[PDB]
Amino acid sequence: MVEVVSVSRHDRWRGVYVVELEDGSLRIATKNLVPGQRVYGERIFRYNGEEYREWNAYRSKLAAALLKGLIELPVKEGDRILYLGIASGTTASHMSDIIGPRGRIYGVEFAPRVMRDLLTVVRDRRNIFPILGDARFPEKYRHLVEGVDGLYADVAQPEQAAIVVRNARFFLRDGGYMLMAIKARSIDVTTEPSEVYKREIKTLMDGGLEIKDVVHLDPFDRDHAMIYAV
């Protein structure tokens, strides 16, 4: 347990909590869906009789995107989410906290060894539904994934936008959100987009996604931005 001076829900990012530590320094955290359990050595706080899990933006790109000024948190209580590249569940565990018992994260991951890890991190989180499969071939898991409210993509592969569009066509509800971690330098966001970056964005736009926000993640992640589209 880390001691905290206060915990209060953020005014706009529902399910996310602003935590002030001893020294007046601040963190964000989610309310633990499985009180007593720790996913990636994150620190745990207790306040008013409830347990919170620190959401460390240096280990999760979505927390980084919020702290870098992403316009809104589109992940909501009860959402069904298709998560491409779930890995061992770091960011998904916080999505699982926010969405609560009636939400679902369908977590696609293609490496058996990473899947085993995820099964071992997420064995008591029953709103996470791991799918062993390659996100390039969503037809092979169409029978396992219902309509989703949102699509979150972090597969760390070139030409991720084509994978995103293909999955969105199969699964993403009308007006569903799409959050995509993209390899990007600060200058791609602030100055002028590189060739490879521009083409990812055009692929999304050509796929009917319209870009609502983009934030670079430095220094939480020096090499990525978060693209947000609806």
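Residue positions are given as counts along the sequence shown, with the first one as 1.
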_Stretch with the greater mean C-alpha B-factor as recorded in the entry, comparing 111 to 119 against 139 to 147_ = 111 to 119
_If you take the mean CA temperature factor per stretch, which one wins between 164 to 172 and 59 to 67?_
164 to 172
*When the CA B-factors of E159, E72, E77, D154 are compared as recorded in the entry, which is the largest?*
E159
*Chain-relative CA temperature factor third for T190*: middle
*What third of the chain, by the recorded C-alpha B-factor, contains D97?*
lowest
*If you rank every modelled residue in this chain by C-alpha B factor, which third holds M178: lowest, middle or highest?*
lowest
*What third of its chain, lowest, middle or highest, does the C-alpha temperature factor of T90 fall into?*
middle
*By the record's CA B-factor, is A29 among the lowest, middle or highest third of residues in the chain?*
lowest
